[PDB]
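This is what each chain is made of:
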Amino acid sequence: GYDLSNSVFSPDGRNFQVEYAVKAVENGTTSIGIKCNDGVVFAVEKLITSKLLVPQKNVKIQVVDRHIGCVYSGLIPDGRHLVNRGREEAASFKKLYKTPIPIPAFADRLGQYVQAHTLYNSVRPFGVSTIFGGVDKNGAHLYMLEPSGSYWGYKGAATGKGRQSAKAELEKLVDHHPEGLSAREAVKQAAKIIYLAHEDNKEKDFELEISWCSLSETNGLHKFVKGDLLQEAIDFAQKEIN
Amino acid sequence: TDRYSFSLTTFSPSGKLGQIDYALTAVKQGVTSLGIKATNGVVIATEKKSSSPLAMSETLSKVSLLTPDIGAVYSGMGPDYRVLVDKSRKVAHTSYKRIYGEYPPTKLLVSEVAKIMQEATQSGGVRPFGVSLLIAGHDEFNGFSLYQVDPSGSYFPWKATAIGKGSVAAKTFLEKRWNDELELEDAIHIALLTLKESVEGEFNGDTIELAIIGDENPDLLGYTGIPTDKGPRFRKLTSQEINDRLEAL
Amino acid sequence: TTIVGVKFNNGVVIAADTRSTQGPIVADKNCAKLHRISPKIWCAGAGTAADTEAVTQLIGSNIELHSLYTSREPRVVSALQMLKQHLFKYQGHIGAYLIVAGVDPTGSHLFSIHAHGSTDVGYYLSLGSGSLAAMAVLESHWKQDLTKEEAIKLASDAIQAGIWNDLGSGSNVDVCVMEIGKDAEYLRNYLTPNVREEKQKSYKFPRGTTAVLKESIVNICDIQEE
Amino acid sequence: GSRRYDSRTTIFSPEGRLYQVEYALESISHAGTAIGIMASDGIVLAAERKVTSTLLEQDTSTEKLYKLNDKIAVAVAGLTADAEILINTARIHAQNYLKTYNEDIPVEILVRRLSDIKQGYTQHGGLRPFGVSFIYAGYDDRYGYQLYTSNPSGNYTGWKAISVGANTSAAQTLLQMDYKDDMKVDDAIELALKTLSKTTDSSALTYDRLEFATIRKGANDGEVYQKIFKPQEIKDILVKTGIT
Amino acid sequence: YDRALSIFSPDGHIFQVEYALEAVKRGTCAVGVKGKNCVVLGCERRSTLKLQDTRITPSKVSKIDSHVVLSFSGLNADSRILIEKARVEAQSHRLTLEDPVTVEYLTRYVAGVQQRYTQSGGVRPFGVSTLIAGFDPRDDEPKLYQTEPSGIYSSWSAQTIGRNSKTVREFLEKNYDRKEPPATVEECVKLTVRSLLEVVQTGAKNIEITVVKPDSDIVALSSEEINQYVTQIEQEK
Amino acid sequence: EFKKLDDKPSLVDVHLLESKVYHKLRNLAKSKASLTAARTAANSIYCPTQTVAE
Amino acid sequence: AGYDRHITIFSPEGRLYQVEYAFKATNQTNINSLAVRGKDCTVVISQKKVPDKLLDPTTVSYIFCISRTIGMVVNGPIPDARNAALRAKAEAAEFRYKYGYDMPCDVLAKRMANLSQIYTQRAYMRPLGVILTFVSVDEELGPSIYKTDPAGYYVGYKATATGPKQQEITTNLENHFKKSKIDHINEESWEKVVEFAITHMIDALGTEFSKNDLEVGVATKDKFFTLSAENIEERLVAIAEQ
């Protein structure tokens, strides 16, 4: 019984519910966040379930404000509620203080919302991990938010099934470039480790979506990488894994 | 949502209410405090305790002031005492210093705080506060008075009583030590001597907290030039005054 | 009805007079307009009588509750703030004109609050209806660096001249001198203006002059015993 | 979550019956006895304290006896906290009646109102009952002296002699044999004392363990003197009846 | 609180309505028999307990209007909430629609009252069953209704509810006739006394009888009266 | 008479003096008896340091 | 019932086991702090640990700025740390607004304390599993440390430590003030109090520290600052040259 809910406590410091929420996020697809010098670059592995689908017509990276990219894994519907909530909170701050929200401020807000869902009998703690960042005027920042309401700064973060492949390769990238790398050069890097993170997920086929927010390419807005730039990334990675 | 509005205190099949039976045990797992009622004054004395010896003890209060004539002292839980002292004061101002523009008599203050315990016995989302309070105070018309409010929400006046874990032994000691006229000077020596049979701890003014609702002090008045009112009848005894009395036992 | 407060660098004197009026009829010959928010914070009130007295009660309670939870002695500025918010939500329909004088762990003070929510600073303030007359006196004989002995003369004479240049003023001058580091000193009836002139004829009448049409006896003092 | 841990104590048993009401009735025979005996000239209310200690102050205590108004007083037996509440509810109701009609409440009306209050707590809201039993002594002109008991369910019946609290069955048997329709108040005082001497749950029965109060027509001009006695007037009338 | 005290049962019931009917079974017994120009409700009172004030205590027949009586069996405490609603509706009818209530309208109201505490959350049904009898105004037809804690209402020619009602109901098939009531008021009273003497027994002091005649005349017959009526039945039997 | 009023640790000392008396009467059969009774009154933990040194 | 410690209900032993379970969950970050009162300052030192190379080291933090005079040091899980950081901020705005001076630390100890009681009195609120150390320098009470705990109990301190290995620190502090024979070190400058603090911590925890494994917060008169890794580096060399 004391292993069933969130308002319970147990004399092991465990609160079994919340730990079970990580297990939800562990069924998700790989999502990485590459922190570069100029901004942030997200990419998500998007499973192609069937050849019946209409392709490139589902976005798992949703914008909050005009400058904070948000991409999440775990329960897809559950995550859509958390993003809607952070779009309310962004909009409240934009009115009350007439500037686009800082990212350490966006962090406070979301952080509070999921923490809330471990203190009542009548709620369930959300089982999603978010990865969100952008450019504000104090510079680019990146945050990963655990379903437990835990978060930290990050020069590279990931979550998903293929968080195993992805993490080791991010170590490789801070030891390649310990003085950082360009946001343009990092499009090709997000392609490379999303492809490698589909060797823990090779029972299907997938589509790669890449988006960026960097100061120096997009004027500090959260945009998608699209057209011919996007296929250069696909080819690059495709040839390394062959 | 929430749906905790169902009582969490219920009658037991054997009768008596389980949750208040549990709370009273808890009072005898606490610190020890006693009060003696004298002819011309009232004394309460209790032990100060902390986790480590490197903690202070002057920043902690287990004799607390409700009114300038009425102090309280507890045995039971520290956290649960702290909140109810504040609520005791809040209701003493809002329902008697606004509507009669003065402080309430001891019997009247007792009764107010007994309602607050009562709704911690009734309704959902509450469990009883696990304290027993002494409320000794003085009002003019019934003179000196000593009460005990319990976990259950009843009150009792007493002529001398103790609460805490060393309680059963302490009331036996005070049975032979009570007298029909006891002076406040004499009583002070009594309470110390009883709580010395009840406390092993290094016995100074700094660990034994003494408070009297003795007699009025026009120097704690805070103003002069009004002869009509008189000062606090409560007076918290700091370490120096208790140190002389240590030596006189 | 006049109030002076005279701040000096030793303490503070705040004085006001005991005549209250209800229009041309003198409502009360002695009434204490010096209220004790706290023991160390005395104020006086001018303006509407029923609104000064009642709101020194509200804040008197609220400041004592406050100090007990803080386990430190009151600030003056705490009194001033409580008042400010309270007045402002009625939007000036409580016509309180207070001079909030007080010693605290920051030193001697003198503040003003007016009947709209406006608050002013100064080492000399004058307020109320007979203000104008007390103010005139002050500026000629003041200087900073008074003692309590200088200050007490100057304030009380401005109140005495306020009687003689205002019609709401009159009767006894009460003064309270609150020093730092001491109990506040309510030197009531520091200055008597005048003693009421001796009348030339006794007016106590013969007994049985009035008539009684009926009478009855009721003693409400007891309910019927055994 | 919350619905899971919900007690549900306000549902019927298979018998149609309310377990918590019975549990309340069970626990009041753990509190002291309060007796009412109706004389023709007055009403004696005689209560035996459920506490006593030589270190107790039981002299300012009116811990069983309460005035609801100057014409209707109660004897309380049960959990004192729940009881205190109803006591100031009752005062509020008496004064309301008095505000609107400018006439004191009859005993019939105030006993029906308290009873409906109780009824609500057992009927719904998932609460536990208020476990109290009141013996109402009161005077009104319309029906005279009237004596009443109410129980935690919220049901009332009038009585000529009643006992509540500890040894209810016992006190009832006794009362039936030593009652007479019309008595003086003294004879009643005596009888009140005598029943408590045979039912006392300690062998000894003393003044300091009696709270004792009457309402007497020894007030002239057809008025009723509510008297709550001092324990030193109790001491004399207890030596009178020869108990002590 | 908004949590259910009514949990649906797979049986095709709700448990609490079945529990509420038992509670009614354990209650004191009421008979209703209507004449041609009267109604008669007889009810058992347990007066078996001694030194009971009976003067000041209300009969188990309550007038709710000047021509509508309500008698009841089951939880005595609970009943009083129904009696306070019903007295309130009776005035409301005069206020907004004018004239006194009809027995039918009032019975329907009661029906919807007990019904409500089934279907709502936060509440358990009332285990109280009523016999509502009376006259409609401008009329002289006795109309005798029964409402039951299921929140189901019925008209009846004669009915009984309470403890050991079955024993009286079999007697009423056989001594009251669907076609012909007994036509004098007096005989109707004695038919109901004679019925009461099956289960109640134990002397004639536990019998109480309220008789209502149209034109707003509710009078309750005292013990003395009953004593004479019972003795007659006794001698003839 | 003070053994019904047993509550004082100042009865430790009385047993200790009775022990001393039998000690110089030079019997240690009875010396032990009163020594046992001294340890029994001093089993109370509210006794001074000086009496325990005794 | 089998429910007896799912809610904040007494046991046959007359105890709140539920609340005790909070104190077994104040030791999950396994960070340790020690905080000492100088003569005209307060100093609080805590450990910093990063589990990966891939976090940003700056943001990892346990010493949270509440007022500009009241620092707050958190032992126990960072989700409940934040909720505790927020509530406190709320009361600090609230006090200035209504009383017209900045919040005293003393008063923050009782508000946040009484709030804790309210979480163990509702039968649907789970208490924060954070021990807060509040450091300040007051002018009315002098330098003070107030420790609240998940129960809502609190007391003052002359020095205090918190953390799972905090017994060890208790030995150092007890021995230290035994020799001085006073509750506060007679030292008129904050520099040499940072120097002292680190020394007892090196003795107690048995490991010497570096710049990137420390986190230091200092309360002076009338301002609260945190020192960066560079200012901490200077302090460490000067212990060696004593």
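Rules used in this analysis
- Residues numbered from 1 in each chain as written, not as in the entry; some residues may be left out.
- Chains lettered and ligands numbered in written order.
- Part of a larger assembly, values for the part shown.
- Heavy atoms only, no water.
- Pairing = 2+ DSSP bridges.
- Helix = DSSP H or I, 4+ residues; strand = E, 2+ residues; numbered from the N terminus.
- Axes fitted to C-alpha atoms, helices over the stretch in contact; angles between N-to-C directions.
- Contact = heavy atoms within 4.5 Å.
- Salt bridge = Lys/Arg side-chain N within 4 Å of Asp/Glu carboxyl O.
- Buried area = accessible area lost by both parts, 1.4 Å probe.
- Polar contact = N/O pair within 3.5 Å; in protein donor to acceptor, adjacent residues only side chain to side chain.
- Nonpolar A, V, L, I, M, F, W, Y, C, P; charged D, E, K, R; others polar.
- Disulfide = S-S within 2.5 Å.
- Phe/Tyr/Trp six-rings, centres within 6.5 Å; stacked < 30°, edge-to-face > 60°.
- Buried < 20%, exposed > 50% of the residue type's maximum accessible area, 1.4 Å probe, protein only.
- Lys NZ or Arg CZ within 6 Å of the ring centre and 35° of its normal.
- Patch = residues over 30% accessible without salt bridge, like charges linked within 9 Å, V, L, I, M, F, W, Y side chains within 5 Å.
- Areas by Shrake-Rupley, 256 points an atom, 1.4 Å probe, with all protein chains shown as cover.
- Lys, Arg positive; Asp, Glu negative; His and termini not counted.
- Charge placed at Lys NZ, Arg CZ, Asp CG, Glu CD.

Structure determination for the deposited model, as stated in its record, used cryo-EM, and the stated resolution is 4.5 Å.

### Structural notes on the sheet that holds strand β5 (residues 34–36) of chain C
Residue and element names in this part refer to chain C. In space, the five strands of this open sheet follow the order β5-β6-β7-β8-β9, with antiparallel pairing throughout. Whereas interior strands pair on both sides, the edge strands pair on one side only; in this sheet they are β5 and β9 (119–121). For this sheet, the mean inter-axis angle between neighbouring strands, taken without regard to orientation, is 25 degrees. Across seven bridges, the pairing between strand β7 (residues 96–104) and strand β8 (residues 107–113) is antiparallel. Across the sheet, residue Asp104 finds its bridge partner in β8, namely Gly107. Running at roughly 155 degrees to strand β6 (residues 42–47), helix α1 (residues 49–70) makes contact with β5, β6 and β7 of the sheet.

### Notes on the pattern of salt bridges
According to the stated counting rule, one finds 59 salt bridges over all chains in the structure shown. A salt bridge links B:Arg127 to B:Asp80; the shortest N-O distance between them is 3.5 Å. Taken together, the residues span a long stretch of sequence, with B:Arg127 in the loop between α3 (106–118) and β5 (131–139) and B:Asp80 in helix α2 (residues 78–94) at a distance of 47 residues. Between G:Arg15 and G:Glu20 there is a salt bridge whose closest N-O contact spans 3.3 Å. One salt-bridge network, held together by shared partners, links D:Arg49, D:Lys50, D:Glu63, D:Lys64 and D:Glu211.

### What about the interface of chain E and chain D?
Each partner contributes to the interface: chain E provides 36 residues, whereas chain D provides 40 residues. With both chains or domains summed, chain E and chain D bury close to 3400 Å², and 51% of this area falls on carbon and sulfur atoms. Taken together, the connections running from chain E to chain D amount to two salt bridges. The interface formed by chain E and chain D contains 16 residue pairs in polar contact. At the level of secondary structure, the elements contributing two or more residues to the side of chain E that touches chain D comprise α1 (15–25) and α2 (76–96) of chain E. If one sorts the elements of the side of chain E that touches chain D by residue count, α2(E) sits on top with seven residues. When grouped by side-chain class, the residues that make up the side of chain E that touches chain D number 18 nonpolar, seven polar and 11 charged.

### Regarding the state of the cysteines
Summed over all chains, the structure comprises zero disulfides over all chains. Between C:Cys31, a free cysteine, and C:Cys43, which holds the nearest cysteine sulfur, the sulfur-to-sulfur gap is 13 Å.

### Describing the sheet that holds strand β2 (residues 11–17) of chain C
One open sheet accounts for six strands, arranged β10(B)-β12(C)-β11(C)-β2(C)-β1(C)-β10(C); its pairing is mixed. Each having just a single partner strand, β10 (223–224) of chain B together with β10 (124–128) of chain C make up the two edges of the open sheet. Inspection of the sheet shows β10(B) paired to strand β12 (residues 184–191) of chain C by two bridges, in the parallel sense. The residue bridging B:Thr224 from the neighbouring strand is C:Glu185, located in β12(C). Here helix α4 (residues 148–163) of chain C sits on the sheet and contacts β1 (2–7), β2, β11 (173–179) and β12 of chain C; the angle it forms with β11(C), its principal contact strand, is near 155 degrees.

### Quick look at the environment of E:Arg45
All names here are of chain E. When you line up the elements, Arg45 lands in the loop between β4 (39–44) and β5 (61–65). Placed 78 residues apart in sequence, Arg45 and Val123 show a C-alpha to C-alpha distance of 29 Å. The residues touching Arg45, leaving out its near neighbours within four places in the chain, are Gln52, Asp53, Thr54, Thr57, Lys60, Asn206 and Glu208.

### Considerations on the packing of aromatic side chains
Think of a pair of aromatic rings as described by two things: how far the centres are apart, and how the planes are tilted against each other in angle. Within the structure shown, the criterion is met by 26 aromatic pairs over all chains. Between G:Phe95 and G:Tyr99, the aromatic rings sit 4.9 Å apart at their centres with planes inclined by 45 degrees, giving tilted as the arrangement. A residue pair is termed a helical-turn pair when its members lie 3 or 4 positions apart in one helix, as G:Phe95 and G:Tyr99 do in helix α2 (residues 78–99) at four residues. Residue G:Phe95 is classed as buried on the basis of its relative accessible area of 6%. With relative accessibility at 18%, the residue G:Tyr99 sits in the buried group. Geometrically, the ring pair formed by G:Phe95 and G:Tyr101 is edge-to-face, given 5.2 Å between the ring centres and 65 degrees between the ring planes. Like G:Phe95, the residue G:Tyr101 is buried in the burial classification. Taken together through their ring pairs, the aromatic side chains of A:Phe106, A:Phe132, A:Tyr143 and A:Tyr151 make up a single cluster. Lying over the aromatic face of D:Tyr139, D:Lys217 brings its terminal NZ or CZ to 3.9 Å of the ring centre.

### A word on a negative patch on the surface
On the surface, B:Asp180, B:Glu181, B:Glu183, B:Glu185 and B:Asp186 cluster together into a negatively charged patch. As for its placement among the helices and strands, B:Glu181 is situated in the loop between α4 (167–177) and α5 (184–198).

### A few points about a positive patch on the surface
On the surface, a cluster of positive charge is contributed by C:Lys29, C:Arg196, C:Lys199 and C:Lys204. Following the sequence through the fold, C:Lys199 ends up in the segment after β12.

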